[PDB]
Amino acid sequence: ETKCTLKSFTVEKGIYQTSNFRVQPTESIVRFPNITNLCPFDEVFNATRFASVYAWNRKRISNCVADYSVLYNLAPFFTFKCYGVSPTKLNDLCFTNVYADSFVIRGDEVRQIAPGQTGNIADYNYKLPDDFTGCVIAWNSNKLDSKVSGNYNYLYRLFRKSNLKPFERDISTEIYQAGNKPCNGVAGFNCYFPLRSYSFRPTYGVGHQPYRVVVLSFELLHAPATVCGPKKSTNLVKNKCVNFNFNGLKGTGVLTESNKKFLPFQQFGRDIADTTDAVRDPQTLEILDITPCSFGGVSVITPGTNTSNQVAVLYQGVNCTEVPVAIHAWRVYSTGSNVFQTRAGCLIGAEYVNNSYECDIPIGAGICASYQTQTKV
Amino acid sequence: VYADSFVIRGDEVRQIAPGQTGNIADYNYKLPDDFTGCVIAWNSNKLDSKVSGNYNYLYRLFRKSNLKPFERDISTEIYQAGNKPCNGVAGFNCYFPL
Amino acid sequence: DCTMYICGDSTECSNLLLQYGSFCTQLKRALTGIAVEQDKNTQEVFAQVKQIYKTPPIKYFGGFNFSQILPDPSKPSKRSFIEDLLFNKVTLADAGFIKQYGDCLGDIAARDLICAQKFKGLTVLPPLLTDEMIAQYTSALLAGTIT
Amino acid sequence: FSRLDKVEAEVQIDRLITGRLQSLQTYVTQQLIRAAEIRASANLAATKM
Amino acid sequence: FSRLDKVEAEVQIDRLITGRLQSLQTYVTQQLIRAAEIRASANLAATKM
Amino acid sequence: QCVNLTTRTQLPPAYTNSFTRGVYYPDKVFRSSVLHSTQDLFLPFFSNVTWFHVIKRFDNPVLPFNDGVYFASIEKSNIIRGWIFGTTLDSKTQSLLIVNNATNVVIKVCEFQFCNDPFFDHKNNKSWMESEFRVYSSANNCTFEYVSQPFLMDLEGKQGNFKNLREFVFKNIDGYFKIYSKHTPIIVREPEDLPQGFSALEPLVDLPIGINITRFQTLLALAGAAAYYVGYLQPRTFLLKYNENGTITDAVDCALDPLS
Amino acid sequence: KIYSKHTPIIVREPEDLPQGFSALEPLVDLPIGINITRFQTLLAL
Ligand SMILES: *[C@@H]1O[C@H](CO)[C@@H](O[C@@H]2O[C@H](CO)[C@@H](O[C@H]3O[C@H](CO)[C@@H](O)[C@H](O)[C@@H]3O)[C@H](O)[C@H]2NC(C)=O)[C@H](O)[C@H]1NC(C)=O
Ligand SMILES: *[C@@H]1O[C@H](CO)[C@@H](O[C@@H]2O[C@H](CO)[C@@H](O[C@H]3O[C@H](CO)[C@@H](O)[C@H](O)[C@@H]3O)[C@H](O)[C@H]2NC(C)=O)[C@H](O)[C@H]1NC(C)=O
Ligand SMILES: *[C@@H]1O[C@H](CO)[C@@H](O[C@@H]2O[C@H](CO)[C@@H](O[C@H]3O[C@H](CO)[C@@H](O)[C@H](O)[C@@H]3O)[C@H](O)[C@H]2NC(C)=O)[C@H](O)[C@H]1NC(C)=O
Ligand SMILES: *[C@@H]1O[C@H](CO)[C@@H](O[C@@H]2O[C@H](CO)[C@@H](O)[C@H](O)[C@H]2NC(C)=O)[C@H](O)[C@H]1NC(C)=O
Ligand SMILES: *[C@@H]1O[C@H](CO)[C@@H](O[C@@H]2O[C@H](CO)[C@@H](O)[C@H](O)[C@H]2NC(C)=O)[C@H](O)[C@H]1NC(C)=O
Ligand SMILES: *[C@@H]1O[C@H](CO)[C@@H](O[C@@H]2O[C@H](CO)[C@@H](O)[C@H](O)[C@H]2NC(C)=O)[C@H](O)[C@H]1NC(C)=O
Ligand SMILES: *[C@@H]1O[C@H](CO)[C@@H](O[C@@H]2O[C@H](CO)[C@@H](O)[C@H](O)[C@H]2NC(C)=O)[C@H](O)[C@H]1NC(C)=O
Ligand SMILES: *[C@@H]1O[C@H](CO)[C@@H](O)[C@H](O)[C@H]1NC(C)=O
Ligand SMILES: *[C@@H]1O[C@H](CO)[C@@H](O)[C@H](O)[C@H]1NC(C)=O
Ligand SMILES: *[C@@H]1O[C@H](CO)[C@@H](O)[C@H](O)[C@H]1NC(C)=O
Ligand SMILES: *[C@@H]1O[C@H](CO)[C@@H](O)[C@H](O)[C@H]1NC(C)=O
Ligand SMILES: *[C@@H]1O[C@H](CO)[C@@H](O)[C@H](O)[C@H]1NC(C)=O
Ligand SMILES: *[C@@H]1O[C@H](CO)[C@@H](O)[C@H](O)[C@H]1NC(C)=O
């Protein structure tokens, strides 16, 4: 290391400072407040009755933590689908607003829900915008809602003078005209009530049995976020060096219990040097010190390389009991036996003796080192 | 001078720039941070689309991990998004990846 | 440690700093050149006598009372009464001595500037000659002239 | 590194490398001019000794 | 210059112009400090003569 | 309910010197036995705060909210009910209500067609208990909503006529609304107003309201004898001392005088 | 990436790897584009 630092093969007699000793983090640790209130999936998906696709419902998810995966991993198998976003990103993301739209259809207009689409359910009652971000979640409700009489109370709109706007839902039960002559009263030639029931019974086939449907239609990332995803956490170590995150404060260090007391609202603490040196645990509230993982300038003592390759090491400002905790799992000076505590730091690889000579290599604090014939073969 | 070639959905041409992220960038084709070179992209619908749908052009939907720059993965193994081990061709949230 | 000062605890920042390179070494050498000079200064001022003189046990000098400037055996450090006055007057920052992690972790680290500066890669080093060794040379000079 | 890619980050970090390296080089320069003064005093102290 | 265009190459050159000019300012400062220390020795040598 | 009463007594509003008050903990951070400088919005020391006071006298005027505000009252019997903040206070645009009845708090960002003269009758609860609601007549879009257990805890054990002082700082910044506050038991003065001496304000609550705000108003019970003061924050450098326990124990308004 | 060297040597008996120094020259760079986590050697009988 001295030869590398001086960029020469031959090092003259002296003490040379080199790369600083620094113990490395054993692992990573992450801490986040153990999840607060969760968002209302048991209302959106585990309702007693859903709206019809003309009657399609709108609900706001706000001031809560989203948990997309546990909703999918509840006891029923339900058929999740997507149109235009990374589904596995969402747990790892925040939203300006989270809006759910909820309805019932048969198994064949399930494609008409997507943006850019056309056909009766795309055109007259349920349009998504042609820049939509999100995914579509449905299941065959044939185990629960399907009735052998016909459950006919689930209707759909099938006519509209115009194609309705994205998120315009039309509730106007106005008689619709397919003839050029005007439709006065409730009925006439080519005059129509613009909706019709679905005949759902447990016998209706694939494409024709009942499906409960939800769309998630969120706005995201650009403006202050009302809902985020679930934020993961590990157990809470102590006295070992680690890579740490608390609440998105990112550092590296040794966690320790502090007897310093924060006020109720302070989350991190900074030293006189204006950088963090303490934090409160967000799951369990306690005040933890952070110490940057231990270190100390390494200076190498050598006679002239023209005379020997034996060297000694000073760990500047280190107490000799600490440096063996830097076990590498270069490190041969760890074995010890020849170790000495100077006021300048811990010295290893040289023997301390009572024969007080003139100085030769200056270690500091009244200590000098020399290469000599130690014989008071 | 190694010349790379493939086809993609035109909206995702943004992802082929170096240091990007997204589906094709993380799960099948990545240029390194230190990339030196040039990208050229062009619509080829006149020579690659068919009105029946030309489903012979394909992409990857899932992967264990984000690949290394200029790695190439032609595995056809099923992606187990389900928790339990998922032997053979299919199961609850077990995906054919292409 | 130029690296821990510039780059707090980051291998990636340590990769970036390596494109500058020889600047860090040039600063480290320049501070080392100063650190060596402090010892030369102290040697040139105090180490002028190659022998460590002592006064005889019977302190008499024609009525002149050097007992206030000579060493006192009752103190652990051999400083004079006037030296041990002067040592109260200057409030030194980090007199070289060890910090042992019984101290620079916990209570004292909540308010000690020296324990703060250490963590930012800035380090004070001890002089080669201790204040007990500078007392010895200063005694040798004083005992020489009064005899 | 938290909010930026490799190519924007290695530009923002070039400011933090530069500004800290200027701050250290300033400190070393003033230390050298202070060392020259302390030395002038030590040479006077040895001359008076 | 064998690799970039004038409207974006000049940012790469501008960093280097800065860093090289900074390294000369370091050298000339370090020479002015050593030269003051050699003078301090020349005026001492002139006093001993 | 809403009825704008004719009984209004117009008078020139008084002023008081703000001695040393209106310092709040500027950030979510611990520091101890240190002197920390900040640039932030603070109430300038020794400013003319405006002084308001009720008796059969009554005064609920609307005030500007330019850059952010300090409010404090010296009181008995919880005569202040809360505040209204917004730009029009008439459903033409949003407004924020923060108020506390006999039984809970509510904090609500709904279009609220404000009454010409809001109040709540109680008269020390001499003849009746909470029943009135003279604050709004309509409520259009109630975008944000929050309810909680009743706030403003009294001093324990009591002492004769012995008031309590409640300090509040209010600010809108980067889409978030910031409340900081402090309660103190205070030995009552008789001619004098706003007690000399120092203490800091802790951050109470933080809320993502995002609205334009331009003016605010103080909701008061309906005799009583409440008095309060209002001041404006300004951008100013400040020096805060933190003690070894980590409390802001003393402060200097950096621009007050050449010594400061 | 493959780098390699040839060196002809006298057969010292009980010990291993002739103590001494050479560098290896760059042989080839190859666009193999694939993960390697395990390798094997091919022998003759
Ligand atoms: C040289 O100068 C010395 C300083 O004046 C002087 O020592 C001083 O002598 C007096 C008298 O002995 C001491 O007075 C104290 O004596 C004892 C000390 O325990 C007390 O019980 C008494 O109450 C009284 O306070 C001074 O304390 C002492 N000062 C010091 C610094 O030792 C020497 O005597 C002088 N030398 C000669 C030869 O006279
Ligand atoms: C005065 O004190 C009242 C409580 O003592 C407090 O009433 C609470 O007000 C909220 C918001 O208006 C009500 O919210 C619930 O109202 C119905 C319940 O069917 C639903 O439509 C809502 O979704 C919501 O669940 C609370 O019900 C009500 N508290 C209780 C215990 O009933 C007043 O708001 C207080 N007034 C002021 C001005 O502070
Ligand atoms: C910093 O924070 C501490 C907690 O708020 C505070 O400590 C408390 O101080 C009082 C007054 O000294 C102590 O009161 C008791 O003192 C002794 C015991 O040491 C008894 O004989 C007395 O009769 C009395 O009960 C508290 O016990 C003490 N609390 C603790 C936990 O130590 C400090 O005073 C605060 N610092 C400042 C400057 O106020
Ligand atoms: C995290 O969850 C745990 C329990 O799930 C909460 O810790 C409990 O706190 C209460 C009140 O102090 C104790 O009585 C329990 O013994 C604790 N339980 C455990 C498991 O330790 C904790 O409150 C939650 N986090 C937050 C921020 O509230
Ligand atoms: C090096 O570290 C050890 C461990 O902290 C110190 O040993 C302690 O010293 C004190 C004071 O003499 C004793 O009360 C303790 O009982 C000792 N503990 C142990 C485990 O030995 C030692 O003093 C330190 N030396 C220096 C110079 O820092
Ligand atoms: C309270 O009095 C004010 C002022 O007289 C009323 O405000 C006016 O009300 C009339 C009648 O509704 C309107 O035609 C005017 O345009 C209003 N002018 C202003 C400036 O507001 C207010 O309506 C009265 N409100 C109540 C509840 O009595
Ligand atoms: C909040 O309420 C306001 C007032 O009722 C709504 O403003 C009207 O909204 C309807 C329906 O979109 C429009 O037809 C009107 O032209 C709007 N009038 C005005 C003056 O704005 C507003 O849309 C509502 N917003 C939300 C998010 O609920
Ligand atoms: C749906 O809600 C009911 C209670 O209303 C509960 O018994 C049931 O377990 C819930 N189902 C799911 C899948 O959460
Ligand atoms: C190094 O030491 C050898 C003897 O071991 C001596 O012959 C040689 O001259 C020395 N080299 C230098 C550069 O002094
Ligand atoms: C130094 O001498 C003392 C006796 O004065 C003895 O106790 C000690 O062990 C000696 N140390 C060494 C290393 O010889
Ligand atoms: C404070 O108010 C009084 C009027 O009541 C006025 O004379 C005085 O100059 C004012 N001072 C400031 C700084 O506003
Ligand atoms: C109010 O806010 C809107 C958008 O937030 C902005 O367009 C408008 O200029 C603001 N007006 C005032 C008076 O703040
Ligand atoms: C190589 O395969 C191993 C074993 O599954 C895996 O851990 C590693 O991430 C893979 N690396 C690349 C670049 O494919």
# chains A, B, ... in the order shown; residues from 1 in each chain; ligands from 1
>>> calpha_fit_rmsd(fixed="chain E", moving="chain D")
0.6 Å
>>> interface_residues(of="chain D", to="chain E", cutoff="12 Å", atoms="only C-alpha atoms", output="ChimeraX atom specification")
/D:11,14-15,18,21-22,25-26,28-37,39-40,43-44,47
>>> write_last_selection(atoms="N, CA, C and O atoms", output="PDB file, in the first residue's frame")
ATOM      1  N   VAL D  11     -22.960  15.190 -13.383  1.00  0.00           N
ATOM      2  CA  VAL D  11     -22.829  16.638 -13.554  1.00  0.00           C
ATOM      3  C   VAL D  11     -23.141  17.368 -12.255  1.00  0.00           C
ATOM      4  O   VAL D  11     -22.317  18.156 -11.820  1.00  0.00           O
ATOM      5  N   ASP D  14     -20.338  16.819  -9.942  1.00  0.00           N
ATOM      6  CA  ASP D  14     -19.125  17.536 -10.311  1.00  0.00           C
ATOM      7  C   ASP D  14     -19.018  18.881  -9.598  1.00  0.00           C
ATOM      8  O   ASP D  14     -17.919  19.351  -9.321  1.00  0.00           O
ATOM      9  N   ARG D  15     -20.169  19.421  -9.208  1.00  0.00           N
ATOM     10  CA  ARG D  15     -20.224  20.672  -8.466  1.00  0.00           C
ATOM     11  C   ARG D  15     -19.831  20.406  -7.011  1.00  0.00           C
ATOM     12  O   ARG D  15     -19.074  21.174  -6.417  1.00  0.00           O
ATOM     13  N   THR D  18     -16.144  19.651  -7.020  1.00  0.00           N
ATOM     14  CA  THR D  18     -15.391  20.900  -7.233  1.00  0.00           C
ATOM     15  C   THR D  18     -15.429  21.790  -5.999  1.00  0.00           C
ATOM     16  O   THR D  18     -14.386  22.166  -5.476  1.00  0.00           O
ATOM     17  N   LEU D  21     -13.500  20.477  -3.128  1.00  0.00           N
ATOM     18  CA  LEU D  21     -12.069  20.466  -3.438  1.00  0.00           C
ATOM     19  C   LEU D  21     -11.450  21.877  -3.439  1.00  0.00           C
ATOM     20  O   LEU D  21     -10.332  22.076  -2.970  1.00  0.00           O
ATOM     21  N   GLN D  22     -12.226  22.887  -3.827  1.00  0.00           N
ATOM     22  CA  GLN D  22     -11.878  24.297  -3.668  1.00  0.00           C
ATOM     23  C   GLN D  22     -11.798  24.683  -2.199  1.00  0.00           C
ATOM     24  O   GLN D  22     -10.917  25.441  -1.806  1.00  0.00           O
ATOM     25  N   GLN D  25      -8.631  23.069  -0.808  1.00  0.00           N
ATOM     26  CA  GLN D  25      -7.439  23.739  -1.349  1.00  0.00           C
ATOM     27  C   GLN D  25      -7.252  25.134  -0.737  1.00  0.00           C
ATOM     28  O   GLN D  25      -6.126  25.548  -0.480  1.00  0.00           O
ATOM     29  N   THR D  26      -8.347  25.840  -0.459  1.00  0.00           N
ATOM     30  CA  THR D  26      -8.341  27.105   0.299  1.00  0.00           C
ATOM     31  C   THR D  26      -7.796  26.905   1.704  1.00  0.00           C
ATOM     32  O   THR D  26      -6.931  27.662   2.127  1.00  0.00           O
ATOM     33  N   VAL D  28      -5.825  24.400   2.901  1.00  0.00           N
ATOM     34  CA  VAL D  28      -4.396  24.063   2.788  1.00  0.00           C
ATOM     35  C   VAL D  28      -3.571  25.295   2.457  1.00  0.00           C
ATOM     36  O   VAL D  28      -2.526  25.486   3.063  1.00  0.00           O
ATOM     37  N   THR D  29      -4.036  26.168   1.565  1.00  0.00           N
ATOM     38  CA  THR D  29      -3.295  27.379   1.223  1.00  0.00           C
ATOM     39  C   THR D  29      -3.173  28.327   2.404  1.00  0.00           C
ATOM     40  O   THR D  29      -2.081  28.806   2.691  1.00  0.00           O
ATOM     41  N   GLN D  30      -4.254  28.603   3.134  1.00  0.00           N
ATOM     42  CA  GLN D  30      -4.181  29.449   4.306  1.00  0.00           C
ATOM     43  C   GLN D  30      -3.362  28.793   5.408  1.00  0.00           C
ATOM     44  O   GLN D  30      -2.634  29.491   6.102  1.00  0.00           O
ATOM     45  N   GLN D  31      -3.404  27.472   5.549  1.00  0.00           N
ATOM     46  CA  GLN D  31      -2.538  26.754   6.480  1.00  0.00           C
ATOM     47  C   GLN D  31      -1.070  26.909   6.141  1.00  0.00           C
ATOM     48  O   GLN D  31      -0.273  27.073   7.052  1.00  0.00           O
ATOM     49  N   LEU D  32      -0.680  26.861   4.869  1.00  0.00           N
ATOM     50  CA  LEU D  32       0.688  27.087   4.426  1.00  0.00           C
ATOM     51  C   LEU D  32       1.153  28.504   4.731  1.00  0.00           C
ATOM     52  O   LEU D  32       2.292  28.687   5.156  1.00  0.00           O
ATOM     53  N   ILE D  33       0.297  29.510   4.573  1.00  0.00           N
ATOM     54  CA  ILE D  33       0.667  30.906   4.871  1.00  0.00           C
ATOM     55  C   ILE D  33       0.702  31.147   6.389  1.00  0.00           C
ATOM     56  O   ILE D  33       1.576  31.871   6.859  1.00  0.00           O
ATOM     57  N   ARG D  34      -0.026  30.354   7.138  1.00  0.00           N
ATOM     58  CA  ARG D  34       0.013  30.454   8.559  1.00  0.00           C
ATOM     59  C   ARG D  34       1.234  29.737   9.055  1.00  0.00           C
ATOM     60  O   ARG D  34       1.808  30.165   9.986  1.00  0.00           O
ATOM     61  N   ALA D  35       1.600  28.610   8.484  1.00  0.00           N
ATOM     62  CA  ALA D  35       2.799  27.864   8.835  1.00  0.00           C
ATOM     63  C   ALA D  35       4.052  28.687   8.570  1.00  0.00           C
ATOM     64  O   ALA D  35       4.967  28.675   9.386  1.00  0.00           O
ATOM     65  N   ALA D  36       4.109  29.434   7.468  1.00  0.00           N
ATOM     66  CA  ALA D  36       5.229  30.328   7.201  1.00  0.00           C
ATOM     67  C   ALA D  36       5.398  31.427   8.264  1.00  0.00           C
ATOM     68  O   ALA D  36       6.517  31.791   8.622  1.00  0.00           O
ATOM     69  N   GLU D  37       4.303  31.937   8.828  1.00  0.00           N
ATOM     70  CA  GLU D  37       4.307  32.941   9.900  1.00  0.00           C
ATOM     71  C   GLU D  37       4.735  32.357  11.247  1.00  0.00           C
ATOM     72  O   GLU D  37       5.571  32.936  11.944  1.00  0.00           O
ATOM     73  N   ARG D  39       6.495  29.812  11.586  1.00  0.00           N
ATOM     74  CA  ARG D  39       7.864  29.480  11.450  1.00  0.00           C
ATOM     75  C   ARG D  39       8.685  30.698  11.650  1.00  0.00           C
ATOM     76  O   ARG D  39       9.659  30.601  12.330  1.00  0.00           O
ATOM     77  N   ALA D  40       8.376  31.811  11.008  1.00  0.00           N
ATOM     78  CA  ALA D  40       9.120  33.044  11.244  1.00  0.00           C
ATOM     79  C   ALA D  40       9.234  33.340  12.751  1.00  0.00           C
ATOM     80  O   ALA D  40      10.316  33.689  13.220  1.00  0.00           O
ATOM     81  N   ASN D  43      11.746  30.729  14.436  1.00  0.00           N
ATOM     82  CA  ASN D  43      13.107  31.131  14.123  1.00  0.00           C
ATOM     83  C   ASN D  43      13.553  32.325  14.977  1.00  0.00           C
ATOM     84  O   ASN D  43      14.694  32.368  15.441  1.00  0.00           O
ATOM     85  N   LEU D  44      12.646  33.259  15.262  1.00  0.00           N
ATOM     86  CA  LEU D  44      12.885  34.310  16.259  1.00  0.00           C
ATOM     87  C   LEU D  44      12.996  33.766  17.685  1.00  0.00           C
ATOM     88  O   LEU D  44      13.852  34.202  18.438  1.00  0.00           O
ATOM     89  N   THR D  47      16.380  32.170  18.015  1.00  0.00           N
ATOM     90  CA  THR D  47      17.362  33.263  18.016  1.00  0.00           C
ATOM     91  C   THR D  47      17.404  33.935  19.391  1.00  0.00           C
ATOM     92  O   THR D  47      18.486  34.117  19.942  1.00  0.00           O
TER      93      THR D  47
END
>>> interface_residues(of="chain A", to="chain C", cutoff="8 Å", atoms="only C-alpha atoms", output="list in words")
residues 20, 252, 258, 259, 260, 271, 272, 273, 289, 291, 292, 297, 317, 318, 319, 343, 344, 345, 362, 363, 364, 365, 366 and 367 of chain A
>>> interface_residues(of="chain B", to="chain G", cutoff="12 Å", atoms="only C-alpha atoms", output="list in words")
residues 1, 2, 3, 4, 28, 29, 30, 67, 68, 69, 70, 71, 72, 73, 74 and 75 of chain B
>>> closest_atom_pairs(of="chain C", to="chain D", cutoff="8 Å", atoms="only C-alpha atoms", output="JSON lines")
{"residue": "C:5", "atom": "CA", "partner": "D:20", "partner_atom": "CA", "distance": 7.9}
{"residue": "C:6", "atom": "CA", "partner": "D:20", "partner_atom": "CA", "distance": 5.6}
{"residue": "C:7", "atom": "CA", "partner": "D:17", "partner_atom": "CA", "distance": 7.7}
{"residue": "C:13", "atom": "CA", "partner": "D:13", "partner_atom": "CA", "distance": 8.0}
{"residue": "C:16", "atom": "CA", "partner": "D:10", "partner_atom": "CA", "distance": 7.8}
{"residue": "C:17", "atom": "CA", "partner": "D:17", "partner_atom": "CA", "distance": 7.1}
{"residue": "C:27", "atom": "CA", "partner": "D:28", "partner_atom": "CA", "distance": 6.7}
{"residue": "C:30", "atom": "CA", "partner": "D:28", "partner_atom": "CA", "distance": 7.1}
{"residue": "C:31", "atom": "CA", "partner": "D:28", "partner_atom": "CA", "distance": 6.5}
{"residue": "C:34", "atom": "CA", "partner": "D:35", "partner_atom": "CA", "distance": 6.4}
{"residue": "C:41", "atom": "CA", "partner": "D:42", "partner_atom": "CA", "distance": 5.7}
{"residue": "C:42", "atom": "CA", "partner": "D:42", "partner_atom": "CA", "distance": 7.6}
{"residue": "C:44", "atom": "CA", "partner": "D:46", "partner_atom": "CA", "distance": 6.1}
{"residue": "C:45", "atom": "CA", "partner": "D:46", "partner_atom": "CA", "distance": 4.3}
{"residue": "C:46", "atom": "CA", "partner": "D:46", "partner_atom": "CA", "distance": 7.6}
>>> residues_near_ligand(ligand="ligand 10", cutoff="12 Å", atoms="only C-alpha atoms and all ligand atoms", output="JSON, numbers by chain")
{"A": [338, 339, 340, 350, 351, 352, 353, 354, 355, 356, 374, 375, 376]}
>>> write_last_selection(atoms="C-alpha atoms", output="compact mmCIF listing (two decimals), in the first residue's frame")
# COMPACT_ATOMS: atom_id res chain seq x y z
CA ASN A 338 3.44 -7.27 19.83
CA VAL A 339 0.68 -4.59 20.19
CA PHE A 340 1.28 -1.23 21.94
CA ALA A 350 7.07 -3.10 16.48
CA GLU A 351 8.21 -4.12 20.03
CA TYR A 352 8.18 -1.52 22.83
CA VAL A 353 11.43 -1.34 24.85
CA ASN A 354 13.01 0.58 27.77
CA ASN A 355 16.29 1.39 25.91
CA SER A 356 15.53 5.11 25.30
CA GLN A 374 17.26 -6.44 19.36
CA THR A 375 19.73 -8.38 21.60
CA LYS A 376 20.12 -6.78 25.08
>>> atom_distance(atom1="CA of residue 257 (chain F)", atom2="CA of residue 20 (chain F)")
13.6 Å
>>> residues_around(residues="residue 14 (chain F)", least_positions_apart="6", cutoff="12 Å", atoms="only C-alpha atoms", output="list in words")
residues 48, 49, 50, 51, 52, 53, 193, 227, 228, 229 and 230 of chain F
>>> write_last_selection(atoms="N, CA, C and O atoms", output="short mmCIF file (atom, residue, chain, number, x, y, z; two decimals), in the first residue's frame")
data_model
loop_
_atom_site.label_atom_id
_atom_site.label_comp_id
_atom_site.auth_asym_id
_atom_site.auth_seq_id
_atom_site.Cartn_x
_atom_site.Cartn_y
_atom_site.Cartn_z
N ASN F 48 -45.42 46.45 15.78
CA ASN F 48 -46.83 46.68 16.09
C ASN F 48 -47.68 45.48 15.63
O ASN F 48 -48.11 45.42 14.48
N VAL F 49 -47.93 44.51 16.51
CA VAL F 49 -49.07 43.60 16.33
C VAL F 49 -50.36 44.38 16.52
O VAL F 49 -50.46 45.23 17.41
N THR F 50 -51.39 44.05 15.74
CA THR F 50 -52.73 44.60 15.95
C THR F 50 -53.38 43.90 17.13
O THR F 50 -53.22 42.70 17.31
N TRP F 51 -54.14 44.66 17.92
CA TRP F 51 -54.83 44.21 19.12
C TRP F 51 -56.35 44.32 18.95
O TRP F 51 -56.89 45.39 18.66
N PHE F 52 -57.03 43.21 19.22
CA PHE F 52 -58.49 43.06 19.21
C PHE F 52 -59.00 42.53 20.56
O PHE F 52 -58.29 41.81 21.26
N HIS F 53 -60.21 42.91 20.93
CA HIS F 53 -60.76 42.62 22.27
C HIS F 53 -62.27 42.78 22.30
O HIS F 53 -62.81 43.79 21.85
N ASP F 193 -50.70 44.33 28.21
CA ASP F 193 -51.09 43.46 27.12
C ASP F 193 -49.84 42.71 26.58
O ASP F 193 -48.75 43.29 26.55
N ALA F 227 -59.45 38.78 24.76
CA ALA F 227 -58.56 39.65 23.98
C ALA F 227 -57.51 38.83 23.23
O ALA F 227 -57.06 37.79 23.71
N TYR F 228 -57.10 39.30 22.05
CA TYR F 228 -56.08 38.65 21.24
C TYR F 228 -55.32 39.64 20.37
O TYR F 228 -55.67 40.81 20.23
N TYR F 229 -54.23 39.15 19.80
CA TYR F 229 -53.29 39.90 18.97
C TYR F 229 -52.99 39.15 17.68
O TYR F 229 -52.98 37.93 17.66
N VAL F 230 -52.77 39.89 16.60
CA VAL F 230 -52.42 39.35 15.29
C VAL F 230 -51.24 40.10 14.71
O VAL F 230 -51.17 41.34 14.75
#
>>> residues_near_ligand(ligand="ligand 3", cutoff="10 Å", atoms="only C-alpha atoms and all ligand atoms", output="PyMOL selection string")
(chain A and resi 260-261) or (chain F and resi 243-247+249)
>>> select_by_dssp(residues="region 6-94 of chain B", states="strand (DSSP E or B)", output="ChimeraX atom specification")
/B:79-80,91,94
>>> write_last_selection(atoms="C-alpha atoms", output="short mmCIF file (atom, residue, chain, number, x, y, z; two decimals), in the first residue's frame")
data_model
loop_
_atom_site.label_atom_id
_atom_site.label_comp_id
_atom_site.auth_asym_id
_atom_site.auth_seq_id
_atom_site.Cartn_x
_atom_site.Cartn_y
_atom_site.Cartn_z
CA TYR B 79 -42.48 -16.63 -14.31
CA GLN B 80 -43.84 -17.54 -10.84
CA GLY B 91 -50.65 -22.14 -12.43
CA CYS B 94 -47.52 -18.24 -13.21
#
>>> residues_near_ligand(ligand="ligand 12", cutoff="12 Å", atoms="only C-alpha atoms and all ligand atoms", output="VMD selection string")
(chain A and resid 223) or (chain F and resid 65 to 67 86 to 88 92 to 95 172 174 to 175 209 to 215)
>>> residues_near_ligand(ligand="ligand 8", cutoff="7 Å", atoms="only C-alpha atoms and all ligand atoms", output="number ranges by chain")
A: 42, 46, 74-76
>>> interface_residues(of="chain A", to="chain B", cutoff="10 Å", atoms="only C-alpha atoms", output="number ranges by chain")
A: 72-73, 77, 79-80, 85-86, 88-89
